[PDB]
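For reference, the chain that follows is the form deposited in one PDB entry, supplied as structure tokens.
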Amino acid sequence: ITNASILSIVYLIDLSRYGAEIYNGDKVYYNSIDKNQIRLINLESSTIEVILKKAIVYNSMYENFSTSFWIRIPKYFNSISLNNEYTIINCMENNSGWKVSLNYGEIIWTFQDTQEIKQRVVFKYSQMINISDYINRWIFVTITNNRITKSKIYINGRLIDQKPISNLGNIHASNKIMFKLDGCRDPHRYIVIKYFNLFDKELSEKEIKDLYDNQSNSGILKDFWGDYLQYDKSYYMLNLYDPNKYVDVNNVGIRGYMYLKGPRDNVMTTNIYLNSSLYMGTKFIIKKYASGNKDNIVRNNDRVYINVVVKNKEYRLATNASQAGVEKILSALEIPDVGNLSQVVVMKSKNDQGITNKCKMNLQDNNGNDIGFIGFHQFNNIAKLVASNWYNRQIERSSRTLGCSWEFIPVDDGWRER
């Protein structure tokens, strides 16, 4: 696969041996926390142009190739976006070549020969869904092309669609790849992209999985959207075991508790989307404690505190590890009164073998013994938040979703709630 790399863009430069030239328009935006994330908006000046050396300009009936990239597509919210295929990554020249385009709920690959014969492959996702894996969340796209079998589109390493392409003839693509919203009716539309790559082979399923795993940066925790999780940033909490609930606090202090309540409200716009509201419940803020890194990113194994916002004031998530029973009920404590109560949380994305898990917060007692991952337990019809080593034992056996599986959801411009 490294031998197969013919374009590999990072923050912008091409790391490949072909050293593509890259030109950015005046209205490209690079994310401050992760400069590899490039945002393109619906303006003529919001462009990236990549110029490929002659040696790798595609002009063949037979040569195989693949592309991979990550994309984050804001929720479609207005009818102007319905029935509107717009190009985003264009390598067509004189009506032959390849392009990536989007439409309402779609990511589309088009491959076109010099006789105007076209094949497409399409990933479809719904916006009428409780919780989506795709809307406004980072998606890893991979498209592979084998000239004597099929074009194939993979999403997060999984095969979605494939179509025969053996009837396509010579395909003569451009020496320029234009990253630009082209033909988009919605003035507010944008995309975010990262890690654009080309390969001079059809990638195997294993290669695709390994690319997904490696480019995921699994040593850094992620928020719900797939961005790096951060310190000093307000997050709404989603429990993946029961996504219809949200967190609330029934009194501050050590006799109070946090609990899960439901149902969530709907958010909807007729014939455009119907989802659960994400911006509900008690906000959590992760506080830097042990990390010596100067940046603001939360890494696997960082020891942190968790603050909880109650009536616009920060409290400390904590428990008395000496309480009866081994499901330790969590409370929201006044920060000056926490004392030596249990409050240090080990943040987790993956285990020592590299196996990822959505269980994020492993609470420690004051002696550094695990009290357990933070999840919930039902005490007489109330689902109270607890730390429990039951989770820790289960996470050693599988990576399935458990009650300790959480997402941290910050307010993001690609998911607007009324």
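Here the rigid core means the biggest group of C-alpha atoms that line up within 1.5 Å when the two forms are laid on top of each other. In this text, residue numbers run from 1 along the sequence as written.
Participant: Indicate whether the chain is continuous between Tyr23 and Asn24 or, if not, how many deposited residues are absent from the coordinates: none, 1 to 3, 4 to 9, or 10 or more.
Facilitator: Unmodelled stretch: none, continuous chain.
Participant: So, looking at the entry's B-factor column for Cα atoms, which has the higher mean, 372-380 or 62-70?
Facilitator: So the stretch with the higher mean C-alpha B-factor is 372-380.
Participant: So, looking at the entry's B-factor column for Cα atoms, which has the higher mean, 305-313 or 196-204?
Facilitator: Mean C-alpha B-factor is greater for 305-313.
Participant: Reading the B-factor column of the entry, which of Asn266, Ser322, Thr87, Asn136 has the highest value at its C-alpha atom?
Facilitator: Result of the comparison over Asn266, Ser322, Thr87, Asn136: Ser322.
Participant: So if I compare the CA B-factors in the entry for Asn244, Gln230, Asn251, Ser277, which one is the largest?
Facilitator: Of the candidates given, the C-alpha B-factor peaks at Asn251.
Participant: If you rank every modelled residue in this chain by C-alpha B factor, which third holds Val141: lowest, middle or highest?
Facilitator: CA B-factor rank for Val141: lowest third.
Participant: Can you work out whether the C-alpha temperature factor of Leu402 puts it in the lowest, middle or highest third of the chain?
Facilitator: It falls in the middle third of the chain.
Participant: Taking the entry's C-alpha B-factors for this chain, is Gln119 in the lowest, middle or highest third?
Facilitator: Tercile = middle for this residue's CA B-factor.
Participant: How does the C-alpha B factor of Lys75 compare with the rest of the chain: lowest, middle or highest third?
Facilitator: It falls in the bottom third of the chain.
Participant: Place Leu341 in the lowest, middle or highest third of its chain's C-alpha B-factors, as listed in the PDB entry.
Facilitator: Answer is highest: the recorded C-alpha B-factor places it there.
Beyond the structure shown, there is the form deposited in another entry, which is absent from this document and is the topic of what follows.
Participant: Please look at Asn84, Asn301, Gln115, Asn217 and say which one has a C-alpha shift reaching 2 Å or more between this form and the one not shown, core superposed.
Facilitator: None of the others reach 2 Å, which leaves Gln115.
Participant: Relative to the superposed rigid core, does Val57 relocate between this form and the one not shown - that is, does its Cα move 2 Å or more?
Facilitator: It does, since the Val57 C-alpha is displaced 2 Å or more between this form and the one not shown after the core fit.
Participant: Any idea whether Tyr62 and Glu106 get closer or farther by CA distance in that other deposited form, knowing it moves 3 angstroms or more?
Facilitator: Their C-alpha distance shrinks by at least 3 Å in that other deposited form.
Participant: Since the CA distance of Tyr58 and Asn90 differs by 3 Å or more in that other deposited form, is it closer or farther than in the form displayed?
Facilitator: Farther apart in that other deposited form, by 3 Å or more.
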